[PDB]
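Analysis of the macromolecular model
Residues per chain, in single letters:
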Amino acid sequence: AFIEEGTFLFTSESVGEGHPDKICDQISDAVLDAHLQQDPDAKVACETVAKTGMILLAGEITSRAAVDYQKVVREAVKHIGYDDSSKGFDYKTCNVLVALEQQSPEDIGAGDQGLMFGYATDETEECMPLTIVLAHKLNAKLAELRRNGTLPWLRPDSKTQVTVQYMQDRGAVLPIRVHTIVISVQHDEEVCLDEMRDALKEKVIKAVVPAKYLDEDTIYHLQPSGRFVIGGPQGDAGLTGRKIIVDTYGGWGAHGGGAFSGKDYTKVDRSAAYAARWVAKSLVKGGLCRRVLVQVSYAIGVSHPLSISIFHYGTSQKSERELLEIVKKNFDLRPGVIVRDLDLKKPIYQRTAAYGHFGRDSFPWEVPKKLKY
Amino acid sequence: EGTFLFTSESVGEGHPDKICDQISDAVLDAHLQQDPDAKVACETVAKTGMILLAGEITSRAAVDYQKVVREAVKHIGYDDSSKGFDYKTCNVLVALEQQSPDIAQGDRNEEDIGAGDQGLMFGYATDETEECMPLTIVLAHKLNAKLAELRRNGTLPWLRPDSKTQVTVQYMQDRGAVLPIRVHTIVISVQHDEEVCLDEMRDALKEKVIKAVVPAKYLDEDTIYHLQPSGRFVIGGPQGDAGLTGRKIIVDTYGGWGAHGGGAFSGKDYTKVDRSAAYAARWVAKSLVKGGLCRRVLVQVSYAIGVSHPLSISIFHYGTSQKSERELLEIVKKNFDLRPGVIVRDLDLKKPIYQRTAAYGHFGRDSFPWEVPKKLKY
Amino acid sequence: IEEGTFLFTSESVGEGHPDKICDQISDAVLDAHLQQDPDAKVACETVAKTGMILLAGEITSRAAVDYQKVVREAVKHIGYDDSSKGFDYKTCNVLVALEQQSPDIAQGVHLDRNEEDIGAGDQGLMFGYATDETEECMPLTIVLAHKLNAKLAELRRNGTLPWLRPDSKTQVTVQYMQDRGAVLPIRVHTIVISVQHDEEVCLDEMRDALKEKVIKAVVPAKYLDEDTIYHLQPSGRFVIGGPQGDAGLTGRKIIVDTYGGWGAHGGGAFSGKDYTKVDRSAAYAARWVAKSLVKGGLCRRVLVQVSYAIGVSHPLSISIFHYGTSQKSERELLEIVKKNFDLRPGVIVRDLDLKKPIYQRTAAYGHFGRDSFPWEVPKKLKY
Amino acid sequence: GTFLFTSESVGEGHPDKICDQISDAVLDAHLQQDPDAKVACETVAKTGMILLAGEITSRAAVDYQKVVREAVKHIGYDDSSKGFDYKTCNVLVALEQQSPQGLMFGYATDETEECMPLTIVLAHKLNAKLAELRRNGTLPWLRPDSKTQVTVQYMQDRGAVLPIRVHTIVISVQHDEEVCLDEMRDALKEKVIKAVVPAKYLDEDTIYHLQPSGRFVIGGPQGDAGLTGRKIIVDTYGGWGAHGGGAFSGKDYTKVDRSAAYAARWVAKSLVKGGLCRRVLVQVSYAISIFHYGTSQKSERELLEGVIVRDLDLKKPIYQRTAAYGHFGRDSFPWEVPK
Ligand SMILES: C[S@@+](CC[C@H](N)C(=O)[O-])C[C@H]1O[C@@H](n2cnc3c(N)ncnc32)[C@H](O)[C@@H]1O
Ligand SMILES: C[S@@+](CC[C@H](N)C(=O)[O-])C[C@H]1O[C@@H](n2cnc3c(N)ncnc32)[C@H](O)[C@@H]1O
Ligand SMILES: Cn1cnc2c(=O)n(-c3cccnc3C3CC3)c3cc(Cl)ccc3c21
Ligand SMILES: Cn1cnc2c(=O)n(-c3cccnc3C3CC3)c3cc(Cl)ccc3c21
Ligand SMILES: Cn1cnc2c(=O)n(-c3cccnc3C3CC3)c3cc(Cl)ccc3c21
Ligand SMILES: Cn1cnc2c(=O)n(-c3cccnc3C3CC3)c3cc(Cl)ccc3c21
């Protein structure tokens, strides 16, 4: 049993831009961007609920800006792709209900106390687990094929799940292959199952997963239910921050529990999560580790981190005491300085709402810092 | 040296997210009382003077959502405008629909009923406490419970339902297991009224609550206490915040330990693997820990919609066992049948026992079928 | 002669008008409840706007009703079944905020009360009116407006004019001549029609079709001349209509429902209310009294007013005005009404079978003037 | 030769009037920053919920939460014990923020110095008196909600009506759980009714239905849903004259439902005050008629012989004042100034 004594399976899932939870996350980030464009100091905590023909915004937004919530929500939904009743949703005729408590208004304190985890594994060039990377890439490929007209029977909603067979390597993980792949994408009433499954197997899966991972034993659950036509908000309710694991690492590492979308820099469960990801990516890309996890706990009012811990999974020459000292030397994790270090006042947050907050190049927390130790 | 710190959070029954969780589980119980086969997925949104139920509930039951919601809120303890919420005059909007027929397509025999949705779900058990749960989450939940108890019996009449008790503990490693040494930090921030002064609340929380919950062997003289760190916290509950079902998933399970599959528990019946499979994985982990096989174990299962059997199962005993994960997996397969249709029979997931789980964690409490270990036969 | 004649206008709105959408949905909920619990106490208001139907009110009943199904079936019957039309029953949002009837009213009205002597469901004044200028004993203007809307709906539904859409609004101005207290309609001075349509049809086509296929098939040639004024689609485009482009509420078209300005109104909405609410029961009873007086030969044009106070079964006040078209002074007519008509809610419910689910039929095209309803059946007067 | 006529009114706390006042408050909030604002606002009040729907095209930036809560506070709902609380009520804004027909009636009767029917005048006065006694602490057991009804006995004078006496009065005002029925019915008779209705109209045969329900503790939006424009007859004449069916509250000048009703009232009051008539009705319709009830020396043909804003200043934020206690019969409004 040499094969299975150092081998395991790990699953991770992702959801496309049409998934109602992701509709809500993207709309929340759209509102946050709309406010940040005019008032970079806006204090925004927005929560979105998507149901059959209904978008509900609720939360606290104290800012000097004047935002057209109808326009923002409808433009976000249109960009998602829902523009007809035949698809189960229509930005033109959807209902937007605004319940925001807008009110006229470094060592800033934290927004609330929270656990926040960052994690970096060098098994991919993006320093992220392979399972979530593949799931996000599959959803992105489905969206790309739907939007350019290659497969007109696709619809915005979709859920993907990749099970990857891994082998341990002195504290790190190396992906051997792809044991299973599940795809469930909303479609129209015209196309038949055979065509859909053939297209998903050939045009989508084989154009994303390198052939060195797919072999003849791979298991394919393509449209396992057999009919996915009623989808989007019609087929399920959605809320902001209900897909937190899909956002960060798809199971790997850990999660403090705080949602990301809809929150500005002062809400520490977003800015500090970004800072912990920055620390972990810096340690991994700085050569110190090969797989690192950083836990940071902040308290409300109190500015400085209330607790910090590191776990390198035994992949470093430095006991995580030394790594923690390095993190203190190089990284100032107060929210007031995290803002300046990561430019968290820019309207660059909707880009993070779909296909994961991490592993994408264009984000300041994805640029490792030069560590001096 | 082998010493680290770990934090874990918990929120009281008044926290808006937990208001939503309790209301969702109350609707689920109301349906399960009349229709054990009810298919329920009920998300809840709570904010100033508004409770909104949205989701899909297909069942033969006839439920009065107004009474369910208002009695849940009353039991929480919000019964006056001075507290920021009032069950009598709160607004309940019902946007419930029928389960999508496409999902009902994937009808069939019970024993091989397919998964209600795909996804990965984790279980975890560490024997550092008699409940096989991490110490930090246990202490946070007990602090919230003590605050609720003191508020409800009139010992401290200036308390109010919302609270957030949330603790940092110092740990030492020992051959893959963790032993808690002391409580490094404790943060308490509980809603109160205007007439009470800050010094009195901080003294009472230090003496009345902390000393009656945390064993003295953990509290040292160097312990850091952040009691009401934000001065006044009078505006709380759904007012001055917003809630949603399943937005406190980590608070529910292990407070950061192990891992989470991202799936919310509250509002879902047995067909939703997000809840049934999480309960089954917790059962497997507690069975392995209590069975002596390991001192600290993590289990992962994954499902695909319409496929009854798990797509993948994995174990990680953290190096605290004589048995490699391969033969632990074999033990789990021989002893545990993890299909939802057999999980429902084994854990009696059709009983209206779900609101009790909505507050103070789904695990670590003895009265639940998934918290009684199985007799392992290997 | 312009000196001895006058003009009177009256408007009406089609089944697609958001206010009528709300009225029809409220009556649909009332019918759904009355089908199972004839004693259901229902007071439902509906608010319809783009992609949202909201039911708010008090419903105390033993029935179990699927509000989603009722609302969506009502909307489908109205004709909104695609986003291109601005509304879709499949994907519209239905929010239910219904509660139980307040116990105060329950104890003050009907609890522990015999049927014949249950107090008024609420205070207020209610009017009835009958004019013999039409066989339906209704003014010609409102009759013509309702018939124009009905013809538009009929043409849309059978596919004759596929470019029509559910929303519409007609308004007929009629030239009357006074005749010893009564009114005789001479001709139709003006007609304005504005019906929702699609983007691909040209304005001239719609104007010609409305002139020829709709108006000519409804208004008798006796009333149409070459001097009649036609405002057919006077606002160019009417393509963004229905709940989108205009909000709606229950009971916001009360005058369209009863007489289109003739007589008077007590301000009380009809839709969504059961027999205990005098706003509906007493209005129906006053219409019954007025039509009985007109059809019984006593008058040619009559108005009746009743008033109630919550918890008091008997009317507080009753008044008649025959417009000087009778041999009997209003005292005599009022004594006839008292002798022959019993206007308590508890006896009205039995005399008009107000417990049957026949209320959605009244939601569109007016509550009166249609023979299918008990209050439109004159009673044999005995004096 | 006499007859009876009833008319009702509703106090500031009535849920329909809560909605009307909130709609007019939103309209005012817009008109203060953009005189050309195009507003059509519908309001719905239910247990602990205020919902704003409709369409507003304007350059103004308005805080709907603040406007609604301040209006509700001015109404008097500031505690759950009263069934509503501006602090914790839910305001849902469904307004369609945008990119910048019908028949109407007017009527005037000189039976009162305000050129309005006596019944609606007395009903509005009774509601106002209840509000005053509730707000100055004279009767602390009163709550904002209230409904009043006056049945007056009239006699005819050559096509004109002259009131004789008040035949019936009904008062139903929300109270608290403490006061007893005897105290409420004595106070509503001696302190409210006797201070409003002149004694020449009240005699020993008058019928008093004071608190006919017995218990009216649950009231306001909790006890009944409300909507904008559901009390249109209470707004104008309480049954007298006629109504075109169009609601007033929430609409700016472009909506003939409001501006044209004001213009028709102006015409009717001008004819009555100018001496031509003693009781006149005017009927207009957009995309004209008169009936002087036989109280003029000249037929309706000689009496019949978008520019209103310039003459009525319909762009000024003076609209919430009209939301409660009737749109007419009050001195301060420009349409109540005969020309
Ligand atoms: C099946 S439920 C999942 C949890 C629970 N059933 C509920 O309603 O909340 C909704 C999710 O399933 C997916 N879904 C809906 N219809 C589906 C179908 N016919 N086949 C596969 N997935 C579907 C949607 O993407 C949505 O995220
Ligand atoms: C038309 S009734 C209908 C109320 C409820 N939806 C029902 O079905 O019974 C509503 C009116 O009754 C009035 N009201 C409520 N409680 C009352 C009471 N106890 N006594 C007298 N009037 C009351 C309120 O002012 C409100 O305007
Ligand atoms: C083989 N293997 C090598 N490294 C890991 C690992 O980091 N996790 C894991 C995943 C998510 C969260 N936490 C963990 C750590 C085990 C705590 C695993 C979890 C499972 Cl179920 C099974 C195997 C592993 C594993
Ligand atoms: C000292 N130590 C001993 N065991 C653990 C452990 O299981 N986790 C942890 C917590 C939550 C999720 N996953 C893990 C495992 C490290 C993957 C830690 C996480 C941090 Cl930040 C710091 C220290 C530890 C640790
Ligand atoms: C010529 N003529 C003959 N009978 C009537 C009549 O009953 N009303 C009317 C309409 C609606 C409500 N009330 C009335 C009566 C006049 C009180 C009219 C209203 C106007 Cl604006 C102009 C003329 C008439 C008329
Ligand atoms: C005695 N009397 C003298 N003038 C009038 C009068 O203008 N109306 C009335 C009220 C409201 C609307 N329209 C009218 C006119 C009769 C059409 C009455 C309505 C009734 Cl029920 C009973 C009597 C009168 C009356």
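Residues numbered from 1 in each chain as written, not as in the entry; some residues may be left out. Chains lettered and ligands numbered in written order. Heavy atoms only, no water. Residues with missing side-chain atoms left out of burial classes, pairs and counts.

Attention now goes to the overall build of chain D. Per the secondary structure count, chain D includes 8 helices and 14 strands. Computed over its C-alpha atoms, the radius of gyration of chain D comes to 20 Å, within 12% of the 20 Å expected for a compact globule of 339 residues. (Helix = DSSP H or I, 4+ residues; strand = E, 2+ residues; numbered from the N terminus. Rg over C-alpha atoms; globule rule 2.2 N^0.38 Å.)

Looking at ligand 3, there are 17 residues lining it, with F8, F10 and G251 of chain A together with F316 and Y318 of chain B nearest. At 3.3 Å from an oxygen atom of ligand 3 is found a side-chain nitrogen or oxygen belonging to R291 of chain A. The protein chains hide 94% of the 510 Å² of surface that ligand 3 would expose on its own. Where the shell around ligand 3 is concerned, the elements lending two or more residues are strand 1 (7–15) of chain A together with strand 12 (296–304) and strand 13 (307–316) of chain B. (Near = heavy atom within 4 Å. Polar contact = N/O pair within 3.5 Å; in protein donor to acceptor, adjacent residues only side chain to side chain. Areas by Shrake-Rupley, 256 points an atom, 1.4 Å probe, with all protein chains shown as cover.)

All names here are of chain D. In the numbering adopted here, UniProt assigns the feature "binding site: Mg(2+)" to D16. Structurally, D16 can be placed in helix 1 (residues 15–31). A residue is classified by how much of its surface remains accessible, and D16, at 4% relative accessible area, is buried. In this view, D16 contacts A225, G226, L227, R230 and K231; residues no more than four positions away in its chain are not counted. (UniProt positions renumbered as here; feature names shortened; annotations may be inferred. Buried < 20%, exposed > 50% of the residue type's maximum accessible area, 1.4 Å probe, protein only. Contact = heavy atoms within 4.5 Å.)

What follows covers the site of ligand 2. With respect to spatial proximity, 16 residues lie near ligand 2, and among them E58, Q101 and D122 of chain C together with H14 and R215 of chain D are the closest. Between ligand 2 and the protein, one listed contact pairs a nitrogen atom with a side-chain N or O atom of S213 of chain D at 3.2 Å. Between ligand 2 and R215 of chain D, the relevant distance is 2.7 Å, taken from a nitrogen atom to a main-chain nitrogen or oxygen of the residue. Expressed as a share of its isolated accessible area of 600 Å², the protein-covered part of ligand 2 is 95%. Judged by the fraction of its atoms near the pocket grid, ligand 2 is located in the largest cavity. Elements with a minimum of two residues in the shell around ligand 2: helix 3 (103–109) of chain C together with strand 9 (142–157) of chain D. Residue composition of the shell around ligand 2, grouped by class: 5 nonpolar, 3 polar and 8 charged. (1 Å grid on protein atoms, 1.4 Å probe; cavity = no way out; pocket = protein on both sides within 12 Å on 5 of 7 lines; lining within 4 Å. Sits in = over half its atoms within 2 Å of the grid points. Nonpolar A, V, L, I, M, F, W, Y, C, P; charged D, E, K, R; others polar.)

Listed per partner, the contact involves 9 residues of chain B and 9 residues of chain C. Here chain B and chain C share an interface that buries about 760 Å² over both sides, 48% of which is from carbon and sulfur atoms. For the pair chain B and chain C, the interface holds 2 salt bridges. Linking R72 of chain C and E97 of chain B is a salt bridge whose minimum nitrogen-to-oxygen distance equals 3.5 Å. (Buried area = accessible area lost by both parts, 1.4 Å probe. Salt bridge = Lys/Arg side-chain N within 4 Å of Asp/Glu carboxyl O.)

The next subject is the side chain of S83 of chain C. Following the sequence through the fold, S83 of chain C ends up in the loop between strand 4 (81–82) and strand 5 (87–88). Within polar-contact distance, the side chain of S83 of chain C engages the side chain of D90 of chain A at 2.9 Å. Excluding residues that lie within four positions of it along the chain, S83 of chain C makes contacts with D84, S85, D90 and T93 of chain A together with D88 of chain C.

As a further point, take the side chain of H255 of chain A. Note that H255 of chain A resides in the loop between helix 5 (244–248) and helix 6 (268–285). For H255 of chain A, a relative accessible area of 7% translates into the label buried. In this structure the side chain of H255 of chain A is engaged in a polar contact, spanning 3.1 Å, whose partner is the backbone nitrogen of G257 of chain A. Look past the residues within four positions of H255 of chain A in its chain and what remains in contact with it is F117, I244, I245 and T248 of chain A together with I250 and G256 of chain B.

This paragraph deals with the interface of chain A and chain B. At the junction of the two partners, chain A supplies 66 residues and chain B supplies 65 residues. For the chain A and chain B pair, buried surface summed over both sides reaches about 5,100 Å², with 54% attributable to carbon and sulfur atoms. One can count 7 salt bridges joining chain A with chain B. A salt bridge links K47 of chain B to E101 of chain A; the nearest nitrogen and oxygen atoms lie 3.1 Å apart. Our count for the contact surface shared by chain A and chain B stands at 21 residue pairs in polar contact. Residue classes in the side of chain A that touches chain B are distributed as 25 nonpolar, 28 polar and 13 charged.

Let us look at the sheet that holds strand 10 (residues 219–222) of chain A. Residue and element names in this part refer to chain A. If you walk across this open sheet you meet the 4 strands as 1-8-9-10, and the pairing is mixed. Whereas interior strands pair on both sides, the edge strands pair on one side only; in this sheet they are strand 1 and strand 10. With strand direction ignored, the average angle separating the axes of adjacent strands in the sheet is 20°. Both strand 9 (residues 172–187) and strand 10 contribute to a ladder of 4 bridges, which runs parallel. By the bridge assignment, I181 is partnered in strand 10 with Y220. (Pairing = 2+ DSSP bridges. Axes fitted to C-alpha atoms, helices over the stretch in contact; angles between N-to-C directions.)

In this structure, the largest cavity occupies an estimated 800 Å³ of space. Lining the largest cavity are 48 residues, with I105, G121 and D122 of chain C together with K147 and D224 of chain D sitting closest to its centre. Elements that contribute at least two residues to the lining of the largest cavity include exactly strand 2 (41–49) and helix 3 of chain C together with helix 1, strand 9, strand 12 (226–227) and helix 5 (232–236) of chain D. Here the residues of the lining of the largest cavity are counted per class, giving 15 nonpolar, 18 polar and 15 charged. Volume-wise, the second largest cavity comes out at about 90 Å³. Lining of the second largest cavity is provided by 13 residues; of these, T93 and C94 of chain A together with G51, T91 and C92 of chain C occupy positions nearest its centre. (Points joined across faces, edges and corners; volume = space filled by probe spheres on them.)

This part is about the environment of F228 of chain A. Note that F228 of chain A resides in the loop between strand 10 and strand 11 (238–239). Classification of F228 of chain A as buried rests on a relative accessible area of 15%. For the pair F228 of chain A and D188 of chain A, spaced 40 residues apart in sequence, the C-alpha to C-alpha distance is 8.3 Å. Apart from the residues within four sequence positions on either side, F228 of chain A is in contact with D157, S184, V185, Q186, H187 and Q223 of chain A together with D102 of chain B.

Here we take up the packing of aromatic side chains. To describe a pair of aromatic rings, you give the distance between the ring centres and the angle between the ring planes. With the rule as written, the count across this model stands at 61 aromatic pairs over all chains. Judged by centre distance (5.3 Å) and plane angle (75°), the ring pair of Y107 of chain D and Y237 of chain D falls under edge-to-face. With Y107 of chain D in strand 8 (residues 102–109) and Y237 of chain D in the loop between helix 5 and helix 6 (256–273), this residue pair connects regions lying 130 residues apart in the sequence. Note on accessibility: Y107 of chain D and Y237 of chain D belong to one class, buried. By way of ring pairs, the aromatic residues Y119, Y249, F260, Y274, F311, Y313, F358, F363 and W365 of chain A are connected into one cluster. The positively charged end of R258 of chain D is found above the aromatic ring belonging to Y319 of chain D, 4.5 Å away from the centroid. (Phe/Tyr/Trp six-rings, centres within 6.5 Å; stacked < 30°, edge-to-face > 60°. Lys NZ or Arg CZ within 6 Å of the ring centre and 35° of its normal.)

What follows is about the pairing of strand 6 (residues 91–97) of chain B. Summarising burial for strand 6 of chain B: 7 of the 7 residues are buried, a large majority. Of the two faces of strand 6 of chain B, the one holding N91, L93, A95 and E97 of chain B and the one holding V92, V94 and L96 of chain B are both buried throughout.

All names here are of chain D. In terms of domain boundaries, chain D breaks down into domain 1 (1–9 + 118–218), domain 2 (10–100 + 219–255) and domain 3 (101–117 + 256–339). When each unit is reduced to the centre of its C-alpha atoms, the spacing between domain 1 and domain 3 is 27 Å. Taken together, the 15 residues of domain 1 in the interface contact 13 residues of domain 3. Buried area between domain 1 and domain 3, summed over both chains or domains, comes out near 1,100 Å², and the portion from carbon and sulfur atoms is 56%. Broken down residue by residue, the surface that domain 1 buries against domain 3 is led by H124, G159 and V161, which jointly contribute 37%. Across the contact surface, domain 1 and domain 3 share 1 salt bridge. Among the salt bridges present, the one from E114 reaches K125, with a minimum N-O distance of 4.0 Å. (Domains from an automatic or database assignment.)

Counting residues in each nonpolar core, the largest one holds 414 residues, and the members touching the most others are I181 of chain A, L288 of chain B together with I191 of chain C. Counting residues in hydrophobic clusters, the runner-up holds 31 residues, among them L97 and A99 of chain A, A54 of chain B together with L92 of chain D. (Core = buried A, V, L, I, M, F, W, Y, C linked by side-chain atoms within 4.5 Å.)

Let us now look at the UniProt feature "binding site: Mg(2+)" in chain B. Residue and element names in this part refer to chain B. The UniProt entry lists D17 under the feature "binding site: Mg(2+)", expressed in the numbering used here. Of note, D17 is situated in helix 1 (residues 16–34). Taking relative accessible area as the criterion, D17 reaches 6% and is therefore assigned buried. Leaving out residues up to four positions away in the same chain, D17 has contacts with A242, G243, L244, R247 and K248.

Another aspect to go through is the domain arrangement of chain B. Residue and element names in this part refer to chain B. Each assigned domain of chain B is listed here: domain 1 (2–10 + 135–235), domain 2 (11–113 + 236–272) and domain 3 (114–134 + 273–377). Here the C-alpha centre of domain 3 lies 23 Å away from the C-alpha centre of domain 2. Taken together, the contacts link 38 residues of domain 2 with 42 residues of domain 3. Summed over the three residues of domain 2 that lose the most area to domain 3, namely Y254, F265 and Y270, the buried surface amounts to 21% of that side. At the surface where domain 2 touches domain 3, the tally comes to 4 salt bridges. For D274, the salt bridge identified is with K268, shortest N-O distance 2.5 Å. Put simply, domain 2 and domain 3 have 21 residue pairs in polar contact between them.

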